[PDB]
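*Asks:* Whatever this is, show me its structure:
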Amino acid sequence: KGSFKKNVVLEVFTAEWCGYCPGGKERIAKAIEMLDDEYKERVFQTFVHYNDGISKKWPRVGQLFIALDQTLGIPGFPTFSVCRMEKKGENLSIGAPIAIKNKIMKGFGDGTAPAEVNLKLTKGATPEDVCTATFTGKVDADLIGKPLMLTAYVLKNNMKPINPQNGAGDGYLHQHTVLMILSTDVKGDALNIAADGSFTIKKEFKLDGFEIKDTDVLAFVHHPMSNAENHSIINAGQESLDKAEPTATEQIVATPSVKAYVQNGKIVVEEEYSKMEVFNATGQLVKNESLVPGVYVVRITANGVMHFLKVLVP
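*Replies:* Residues are numbered from 1 along each chain as shown. The protein structure is shown below:
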């Protein structure tokens, strides 16, 4: 197949109202644990929600589903696609773990691929900072010039369901769940492939109203969804966002009119104000006392304007 090492993407179609869906999730988890230990690290699951609290709260997830449905013909839940390799109307069944394993291994093929994509992530310091994702890769000669697309997802693990999951036992959590698609078009951004086969795409995004803890970014190079003959995912890369490097720099802001500082474990503002509130790096309102090292956001209302200051307690 190619110069590069193949990773497999699974797109699983699911809903919180679907009583059969937890069973589908666990059958796939079992299948993965049946793989030789090398391949385990090379399978990137994604769960795409439709007609539920998750697609309501994040409507672009519904848009992604609609697109995948147009491409693959998703008849019911739970179902899944291996690297979008199925022609429309083909089998998307989630069978016994061994049958799932066999579908995954078919996705692997000879273990090689004619593209590769590598991810360098940085995380924002607080909920109102952007994260960044730089996707760099290369395609083999035979692919240079072809319309190749890149799609990237922000995936949320250990996620409390929006409404209780039908068919789920105590302490159930969603895993590998798509909450963001980084290309405006859910069908992907067009890749600009240089003569040497290389490409670079950089994204800078604020998390859409969920916490950064236990998040991954998955990116994959793929043929166009609109190509009925071959709309397959060629290769993928994935990294942990919550474990990523912190963004190393701050934006150049205007000369502040409120000079906050840290004295005796607390944030002090000597300028006059109507309200001061301190939030920690996860956006919780916190008591302004004995603050441990970390970054805080101070929201200060003064002179009829609500200001946001980032304070770093060393």
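*Asks:* Quick one: neighbours of residue 248, just the number.
*Replies:* 6 (other Cβ atoms under 10 Å). C-beta: built from backbone N, CA, C; applies to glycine.
*Asks:* just to confirm, which helix or strand has the residue nearest to residue 81 when sequence neighbours are not counted in it?
*Replies:* Leaving aside its chain neighbours, residue 81 sits nearest to residue 11 (4.7 Å; criterion: Cβ to Cβ, 6 or more residues apart in numbering). Taking DSSP states H and E as the definition, residue 11 sits inside strand 8-14.
*Asks:* would you list every one of the strands in the stretch 51-200 of the chain?
*Replies:* Ranges of strands in the stretch 51-200 of the chain, per DSSP state E, counting those that start in this stretch, are 79-82, 112-113, 115-123, 131-139, 149-156, 177-181, 189-190, 198-205.
*Asks:* just to revisit the earlier point, check which strands are paired with the strand holding residue 11 and give the direction for each one.
*Replies:* Strand pairing for strand 8-14, using DSSP bridges, gives strand 43-49 (parallel), strand 79-82 (antiparallel).
*Asks:* before we move on, back to that, which ones are touching the residue nearest to residue 81?
*Replies:* By Cβ atoms under 8 Å, 6 or more residues apart in numbering, residue 11 lies in contact with 46, 48, 68, 80, 81, 84.
*Asks:* re the thing from before, show me how far the strand holding residue 11 is from its chain's centre.
*Replies:* Put simply, strand 8-14 sits 13 Å off its chain's centre (Cα atoms, centre = their mean, to the nearest Å).
*Asks:* Same check on stretch 296-306?
*Replies:* 32 Å.
*Asks:* And for stretch 71-80?
*Replies:* 21 Å.
*Asks:* list the buried ones in that stretch?
*Replies:* Residues of stretch 71-80 classed as buried: 71, 72, 74, 77, 78, 79, 80 (neighbour count, 16 or more other Cβ atoms under 10 Å).
*Asks:* still on that earlier bit, for residue 151, find the nearest of the strands paired with strand 8-14.
*Replies:* strand 43-49 (10.1 Å; Cβ to Cβ).
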